[PDB]
Each structure stands twice: as structure tokens, then as C-alpha cells.
file model38.cif (mmCIF, C-alpha atoms; chains and numbers go by the auth columns)
data_coords
loop_
_atom_site.group_PDB
_atom_site.id
_atom_site.type_symbol
_atom_site.label_atom_id
_atom_site.label_comp_id
_atom_site.label_asym_id
_atom_site.label_seq_id
_atom_site.Cartn_x
_atom_site.Cartn_y
_atom_site.Cartn_z
_atom_site.B_iso_or_equiv
_atom_site.auth_seq_id
_atom_site.auth_asym_id
ATOM 1 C CA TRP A 1 -31.215 10.060 6.254 0.00 1 A
ATOM 2 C CA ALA A 2 -30.577 13.768 6.946 0.00 2 A
ATOM 3 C CA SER A 3 -33.249 14.957 4.446 0.00 3 A
ATOM 4 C CA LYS A 4 -32.529 17.574 1.763 0.00 4 A
ATOM 5 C CA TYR A 5 -34.109 20.909 0.910 0.00 5 A
ATOM 6 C CA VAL A 6 -34.384 20.906 -2.878 0.00 6 A
ATOM 7 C CA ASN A 7 -36.133 24.120 -3.922 0.00 7 A
ATOM 8 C CA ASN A 8 -39.326 26.187 -3.500 0.00 8 A
ATOM 9 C CA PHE A 9 -42.879 25.609 -4.691 0.00 9 A
ATOM 10 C CA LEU A 10 -45.926 27.844 -4.715 0.00 10 A
ATOM 11 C CA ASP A 11 -48.430 26.454 -2.274 0.00 11 A
ATOM 12 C CA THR A 12 -52.112 26.808 -3.079 0.00 12 A
ATOM 13 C CA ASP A 13 -52.345 29.794 -0.728 0.00 13 A
ATOM 14 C CA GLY A 14 -49.970 31.756 -2.933 0.00 14 A
ATOM 15 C CA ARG A 15 -47.030 31.697 -0.564 0.00 15 A
ATOM 16 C CA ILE A 16 -43.583 30.478 -1.625 0.00 16 A
ATOM 17 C CA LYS A 17 -42.659 27.466 0.512 0.00 17 A
ATOM 18 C CA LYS A 18 -40.098 24.662 0.743 0.00 18 A
ATOM 19 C CA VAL A 19 -39.682 21.202 -0.867 0.00 19 A
ATOM 20 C CA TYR A 20 -37.812 18.477 1.058 0.00 20 A
ATOM 21 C CA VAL A 21 -36.748 14.941 0.178 0.00 21 A
ATOM 22 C CA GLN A 22 -36.133 12.311 2.856 0.00 22 A
ATOM 23 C CA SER A 23 -36.667 8.621 3.409 0.00 23 A
ATOM 24 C CA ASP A 24 -40.066 7.598 4.645 0.00 24 A
ATOM 25 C CA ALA A 25 -39.698 6.918 8.374 0.00 25 A
ATOM 26 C CA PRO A 26 -39.983 3.079 8.303 0.00 26 A
ATOM 27 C CA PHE A 27 -36.797 2.816 6.189 0.00 27 A
ATOM 28 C CA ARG A 28 -34.447 5.048 8.255 0.00 28 A
ATOM 29 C CA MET A 29 -35.040 4.060 11.867 0.00 29 A
ATOM 30 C CA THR A 30 -32.472 1.459 12.804 0.00 30 A
ATOM 31 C CA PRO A 31 -28.951 0.499 11.643 0.00 31 A
ATOM 32 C CA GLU A 32 -30.389 -2.473 9.758 0.00 32 A
ATOM 33 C CA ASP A 33 -32.377 -0.020 7.654 0.00 33 A
ATOM 34 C CA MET A 34 -29.265 1.417 6.078 0.00 34 A
ATOM 35 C CA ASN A 35 -28.651 -1.987 4.453 0.00 35 A
ATOM 36 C CA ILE A 36 -31.874 -1.561 2.431 0.00 36 A
ATOM 37 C CA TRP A 37 -30.428 1.412 0.560 0.00 37 A
ATOM 38 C CA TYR A 38 -28.964 0.827 -2.906 0.00 38 A
ATOM 39 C CA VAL A 39 -26.567 3.085 -4.767 0.00 39 A
ATOM 40 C CA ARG A 40 -25.819 2.500 -8.408 0.00 40 A
ATOM 41 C CA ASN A 41 -22.421 2.096 -10.020 0.00 41 A
ATOM 42 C CA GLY A 42 -20.899 3.488 -13.195 0.00 42 A
ATOM 43 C CA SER A 43 -22.511 0.580 -15.064 0.00 43 A
ATOM 44 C CA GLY A 44 -26.149 1.257 -14.212 0.00 44 A
ATOM 45 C CA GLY A 45 -26.377 -1.545 -11.650 0.00 45 A
ATOM 46 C CA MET A 46 -27.662 -1.284 -8.086 0.00 46 A
ATOM 47 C CA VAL A 47 -25.235 -2.139 -5.293 0.00 47 A
ATOM 48 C CA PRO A 48 -26.431 -2.355 -1.670 0.00 48 A
ATOM 49 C CA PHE A 49 -24.800 -0.478 1.187 0.00 49 A
ATOM 50 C CA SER A 50 -24.087 -3.799 2.890 0.00 50 A
ATOM 51 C CA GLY B 1 -57.979 69.849 -26.343 0.00 1 B
ATOM 52 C CA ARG B 2 -55.614 68.239 -28.849 0.00 2 B
ATOM 53 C CA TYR B 3 -55.385 64.806 -27.235 0.00 3 B
ATOM 54 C CA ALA B 4 -58.693 64.187 -25.461 0.00 4 B
ATOM 55 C CA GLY B 5 -59.962 63.550 -28.976 0.00 5 B
ATOM 56 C CA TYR B 6 -57.194 61.011 -29.650 0.00 6 B
ATOM 57 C CA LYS B 7 -57.941 57.308 -30.234 0.00 7 B
ATOM 58 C CA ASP B 8 -54.369 55.869 -30.269 0.00 8 B
ATOM 59 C CA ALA B 9 -53.281 56.774 -26.709 0.00 9 B
ATOM 60 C CA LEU B 10 -54.289 58.224 -23.354 0.00 10 B
ATOM 61 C CA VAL B 11 -52.440 61.534 -22.933 0.00 11 B
ATOM 62 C CA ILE B 12 -52.523 63.373 -19.594 0.00 12 B
ATOM 63 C CA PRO B 13 -50.814 66.774 -19.494 0.00 13 B
ATOM 64 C CA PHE B 14 -50.110 68.172 -16.048 0.00 14 B
ATOM 65 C CA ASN B 15 -47.982 70.640 -14.106 0.00 15 B
ATOM 66 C CA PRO B 16 -45.806 68.775 -11.652 0.00 16 B
ATOM 67 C CA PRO B 17 -46.681 69.493 -8.014 0.00 17 B
ATOM 68 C CA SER B 18 -44.090 71.375 -6.022 0.00 18 B
ATOM 69 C CA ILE B 19 -43.856 68.632 -3.367 0.00 19 B
ATOM 70 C CA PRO B 20 -45.229 65.492 -5.036 0.00 20 B
ATOM 71 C CA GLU B 21 -45.098 63.356 -1.894 0.00 21 B
ATOM 72 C CA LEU B 22 -48.090 65.270 -0.555 0.00 22 B
ATOM 73 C CA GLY B 23 -50.333 64.352 -3.483 0.00 23 B
ATOM 74 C CA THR B 24 -53.660 66.143 -3.167 0.00 24 B
ATOM 75 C CA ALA B 25 -55.237 67.435 0.042 0.00 25 B
ATOM 76 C CA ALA B 26 -58.544 65.776 -0.876 0.00 26 B
ATOM 77 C CA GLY B 27 -56.786 62.507 -1.759 0.00 27 B
ATOM 78 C CA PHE B 28 -56.981 59.055 -0.196 0.00 28 B
ATOM 79 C CA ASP B 29 -54.694 56.035 -0.611 0.00 29 B
ATOM 80 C CA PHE B 30 -56.212 52.556 -0.010 0.00 30 B
ATOM 81 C CA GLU B 31 -54.739 49.037 -0.141 0.00 31 B
ATOM 82 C CA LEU B 32 -57.101 46.119 -0.864 0.00 32 B
ATOM 83 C CA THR B 33 -55.404 42.926 0.316 0.00 33 B
ATOM 84 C CA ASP B 34 -55.809 39.131 0.022 0.00 34 B
ATOM 85 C CA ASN B 35 -55.975 38.170 3.718 0.00 35 B
ATOM 86 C CA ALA B 36 -57.160 34.542 3.319 0.00 36 B
ATOM 87 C CA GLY B 37 -54.934 33.389 0.436 0.00 37 B
ATOM 88 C CA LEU B 38 -57.876 33.660 -1.991 0.00 38 B
ATOM 89 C CA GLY B 39 -55.794 34.444 -5.088 0.00 39 B
ATOM 90 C CA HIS B 40 -55.272 37.116 -7.705 0.00 40 B
ATOM 91 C CA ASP B 41 -58.555 36.460 -9.466 0.00 41 B
ATOM 92 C CA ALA B 42 -60.527 36.863 -6.229 0.00 42 B
ATOM 93 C CA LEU B 43 -58.639 40.012 -5.283 0.00 43 B
ATOM 94 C CA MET B 44 -59.314 41.668 -8.645 0.00 44 B
ATOM 95 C CA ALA B 45 -62.911 40.513 -8.530 0.00 45 B
ATOM 96 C CA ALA B 46 -63.044 42.367 -5.226 0.00 46 B
ATOM 97 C CA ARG B 47 -61.221 45.386 -6.764 0.00 47 B
ATOM 98 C CA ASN B 48 -63.716 45.651 -9.564 0.00 48 B
ATOM 99 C CA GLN B 49 -66.613 45.165 -7.130 0.00 49 B
ATOM 100 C CA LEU B 50 -65.305 47.911 -4.837 0.00 50 B
#
call {"tool": "encode", "arguments": {"input": "model38.cif", "output": "C-alpha cells"}}
result
Amino acid sequence: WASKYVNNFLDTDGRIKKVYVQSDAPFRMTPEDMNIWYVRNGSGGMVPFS
Amino acid sequence: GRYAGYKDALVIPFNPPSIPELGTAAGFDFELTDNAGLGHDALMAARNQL
């Protein structure tokens, strides 16, 4: 949801630049979207936020 | 004399200048730069050309 800065990469113009991870917009717009998200438990199984 | 005829290494003897920061009065100092993000290879191609 918030997005995360992970680390730097070397763009093709030679300048060090940033790498971010975030949900694609369609899956983080509305409170019903947060139900789509699965965590996984200590057993390797996916559990939904709901 | 001894080391101009020397295959193993390049040996430059010299008397240090009194105030080295001045270099030589006839001297010039130039910086060739990659202004379009063209890369190391392109910049050294330009260096060798120049």
C-alpha cells in the first residue's frame, strides 16, 4: 500500500537511481482491495487479510 | 639515459616544482565529459579521437 524503496539500480544513462515496490493501482484503491491480499503462515500456506 | 632504454617500466625522473599547484605556465587542463549519458566507451572513443 505505502510502497517501499528497496535499493538502487544503474539506469541506462549511467546514473544511479531508485527501485520501488508497490501494488499495481487496481489492487490498492478501495477498502475491498485489501481483502485480495494474502499473507502466508509459518506452514507455507496463504491466508487472506479478510 | 639509464632508463629511457628500459623495457620493463616507464621511469620519469624530475625535480619537484617549488609550488606544484601552478603546474607549467604553458600548460592547459581540459575535462572531456559525457553530457548525453552516452557511456564510458563513447567517452573514451571521443578521448582517443580528440
call {"tool": "closest_atom_pairs", "arguments": {"input": "model38.cif", "of": "chain B", "to": "chain A", "cutoff": "7 Å", "atoms": "all atoms listed in the file", "output": "JSON lines"}}
result
{"residue": "B:37", "atom": "CA", "partner": "A:13", "partner_atom": "CA", "distance": 4.6}
{"residue": "B:38", "atom": "CA", "partner": "A:13", "partner_atom": "CA", "distance": 6.9}
{"residue": "B:39", "atom": "CA", "partner": "A:14", "partner_atom": "CA", "distance": 6.8}
call {"tool": "residues_around", "arguments": {"input": "model38.cif", "residues": "region 25-37 of chain A", "least_positions_apart": "3", "cutoff": "10 Å", "atoms": "all atoms listed in the file", "output": "list in words"}}
result
residues 1, 2, 22, 46, 47, 48, 49 and 50 of chain A
call {"tool": "write_last_selection", "arguments": {"input": "model38.cif", "atoms": "C-alpha atoms", "output": "PDB file, in the frame of the given file"}}
result
ATOM      1  CA  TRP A   1     -31.215  10.060   6.254  1.00  0.00           C
ATOM      2  CA  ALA A   2     -30.577  13.768   6.946  1.00  0.00           C
ATOM      3  CA  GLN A  22     -36.133  12.311   2.856  1.00  0.00           C
ATOM      4  CA  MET A  46     -27.662  -1.284  -8.086  1.00  0.00           C
ATOM      5  CA  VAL A  47     -25.235  -2.139  -5.293  1.00  0.00           C
ATOM      6  CA  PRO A  48     -26.431  -2.355  -1.670  1.00  0.00           C
ATOM      7  CA  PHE A  49     -24.800  -0.478   1.187  1.00  0.00           C
ATOM      8  CA  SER A  50     -24.087  -3.799   2.890  1.00  0.00           C
TER       9      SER A  50
END
call {"tool": "atom_distance", "arguments": {"input": "model38.cif", "atom1": "CA of residue 46 (chain B)", "atom2": "CA of residue 30 (chain B)"}}
result
13.3 Å
call {"tool": "atom_distance", "arguments": {"input": "model38.cif", "atom1": "CA of residue 31 (chain B)", "atom2": "CA of residue 44 (chain B)"}}
result
12.1 Å
call {"tool": "residues_near_point", "arguments": {"input": "model38.cif", "point": "(-37.0, 21.2, 1.7)", "cutoff": "7 Å", "atoms": "only C-alpha atoms", "output": "list in words"}}
result
residues 4, 5, 6, 7, 18, 19, 20 and 21 of chain A
call {"tool": "write_last_selection", "arguments": {"input": "model38.cif", "atoms": "C-alpha atoms", "output": "PDB file, in the frame of the given file"}}
result
ATOM      1  CA  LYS A   4     -32.529  17.574   1.763  1.00  0.00           C
ATOM      2  CA  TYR A   5     -34.109  20.909   0.910  1.00  0.00           C
ATOM      3  CA  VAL A   6     -34.384  20.906  -2.878  1.00  0.00           C
ATOM      4  CA  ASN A   7     -36.133  24.120  -3.922  1.00  0.00           C
ATOM      5  CA  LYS A  18     -40.098  24.662   0.743  1.00  0.00           C
ATOM      6  CA  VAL A  19     -39.682  21.202  -0.867  1.00  0.00           C
ATOM      7  CA  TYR A  20     -37.812  18.477   1.058  1.00  0.00           C
ATOM      8  CA  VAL A  21     -36.748  14.941   0.178  1.00  0.00           C
TER       9      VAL A  21
END
call {"tool": "atom_distance", "arguments": {"input": "model38.cif", "atom1": "CA of residue 49 (chain B)", "atom2": "CA of residue 32 (chain B)"}}
result
11.4 Å
call {"tool": "resolve_selection", "arguments": {"input": "model38.cif", "expression": "the PyMOL selection byres ((chain B and resi 1) around 12)", "output": "ChimeraX atom specification"}}
result
/B:2-6,11-13
call {"tool": "closest_residue", "arguments": {"input": "model38.cif", "among": "B:33, B:23, B:8, B:28", "to": "residue 45 (chain B)", "atoms": "all atoms listed in the file"}}
result
B:33
